[PDB]
Amino acid sequence: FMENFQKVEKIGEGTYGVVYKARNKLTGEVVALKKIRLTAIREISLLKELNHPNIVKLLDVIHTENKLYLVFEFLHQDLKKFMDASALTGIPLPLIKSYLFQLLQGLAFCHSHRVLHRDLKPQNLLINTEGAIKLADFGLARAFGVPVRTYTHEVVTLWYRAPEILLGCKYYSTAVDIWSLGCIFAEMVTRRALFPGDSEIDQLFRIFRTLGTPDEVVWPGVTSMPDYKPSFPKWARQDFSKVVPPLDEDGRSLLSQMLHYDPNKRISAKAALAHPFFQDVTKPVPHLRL
Ligand SMILES: C[C@H]1CCCCn2ncc(-c3nc(Nc4ccc(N5CCN(C)CC5)cn4)ncc3F)c21
């Protein structure tokens, strides 16, 4: 239980609980220990075996008393800090293309196992010095939920929420992760958030002003969604060439397929891996200081 870990420093404050960098007192292993404060047992245990090089490995699930502990492999930096440190020059496109490629591999692995992330964002994308990028906070959303406030009452960001979630879809699909990854794709290219909304209706309207207000033509059945309103303002679609300059045509074509309104038209992770944008994909080494 907690005795075998030594708390090094606080990493971050997730929704369910606090995450610490810790040292296994017996094996010297440096891990990320998540303290979740209090069905879910069997759902978390289904993630012990969701192992993939682009998924942060869940090492052990400690269950003692009314406190639940998750032990992950430790990574030193999230994508958010790397984007901030690269804000002046921009992440080089070969590195952007490599991160997107690896995350689509990770997504394709979890969607084939019917596991959704439901909350992709730069803050839970972790990188190392070797050029790898991994998905974190994976599978916990179905185990507890995606609440509005964290345990430290911080607001959950909506910038990467798929429109079907914002429109009240109860049973969304794997396409919600492709949408979030598309928004992260755009943010890495332009060094600015694609849809930085501070409310659910502001997030939805910021999507509408960029991609046009959806209708039955582009999204069959959107007018029947639980939170759709006919009184939605009707904005025209902006051209993608102004959305993410100076991304090349391969990248803009891929991004537009990741940002399709209709979840059934949105490109899958496996299909996106065959997109010509990755014809020249490599694995560069990032410029990190730890
Ligand atoms: C993604 C994090 C965010 C914390 C809450 C969600 N969660 N659950 C586990 C981990 C985790 N985290 C790490 N590494 C790490 C991550 C972030 C940071 N900080 C540095 C200081 N910044 C101000 C914020 C980011 C440091 N280290 N490795 C492995 C992991 F499973 C994380």
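Residue numbers start at 1 and run along the sequence shown. In each ligand, atom 1 is the first atom listed, and ligand 1 is the first ligand listed. Any value given below was found using the heavy atoms of this structure, including those in side chains, with hydrogens, waters and symmetry copies removed.
- Classification of the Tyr228-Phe232 ring pair by plane angle, with boundaries at 30° and 60°, yields perpendicular.
- For the ligand labelled ligand 1, residue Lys81 lies outside the 4.0 Å heavy-atom shell.
- Of the protein's non-hydrogen atoms, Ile11 CG2, 3.6 Å is the one closest to atom 18 (C) of ligand 1.
- Looking only at atom types and distance, the side chain of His111 has a donor-acceptor partner in the side chain of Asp177 under 3.5 Å away.
- At the shortest separation from atom 25 (C) of ligand 1 among protein heavy atoms lies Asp78 OD2, 3.5 Å.
- Using modelled atom types and a 3.5 Å distance limit, the side chains of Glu164 and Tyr261 yield no donor-acceptor pair.
- Annotation: atom 6 (C) of ligand 1 to nearest protein heavy atom, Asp137 OD2, 3.4 Å.
- Closest to atom 28 (N) of ligand 1 among all protein heavy atoms lies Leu75 N, 3.1 Å.
- No continuous path of hydrophobic side-chain contacts links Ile184 to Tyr172 [ILVMFWY only; heavy atoms under 4.5 Å].
- The backbone of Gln123, and not its side chain, has at least one atom closer than 4.0 Å to an atom of ligand 1 (non-hydrogen atoms only; backbone = N, CA, C, O).
- In this structure, the protein non-hydrogen atom closest to atom 11 (C) of ligand 1 is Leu126 CD1, 3.7 Å.
- Counted within 6.0 Å of NZ on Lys234, heavy atoms from surrounding residues, nucleotides or ligands total more than 12; the atom is thus considered enclosed.
- Proximity annotation for atom 7 (N) of ligand 1: of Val19, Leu59, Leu290, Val19 comes nearest, heavy atoms only.
- For ligand 1, the atoms sitting less than 4.0 Å from at least one non-hydrogen atom of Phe72 are 31 (F), numbered in the order shown with element in parentheses.
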query: Can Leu259 and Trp179 be said to form a side-chain contact (heavy atoms from CB on, under 4.5 Å), step by step?
result: CA-CA 6 Å; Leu259 296 184; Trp179 176 279; 3.9 Å; yes
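- Note: no N/O pair closer than 3.5 Å links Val56 and ligand 1 by distance alone.
- Protein heavy atom closest to atom 29 (C) of ligand 1, with residue, atom name and distance, is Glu73 O, 3.2 Å.
- Residues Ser98 and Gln102 have side chains that bring a donor and an acceptor to within less than 3.5 angstrom of each other.
- Side chains of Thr210 and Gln238: no donor on one and acceptor on the other come within 3.5 Å.
- Shown here, atom 31 (F) of ligand 1 is in close reach of the protein: a heavy atom of it lies under 4.0 Å off.
- Of the protein's non-hydrogen atoms, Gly12 CA, 3.8 Å is the one closest to atom 4 (C) of ligand 1.
- Using a 4.0 Å cutoff on heavy atoms, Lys21 does not count as a contact of ligand 1.
- Salt bridge annotation for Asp119-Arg161: present, with a cationic side-chain nitrogen under 4.0 angstrom from a carboxylate oxygen.
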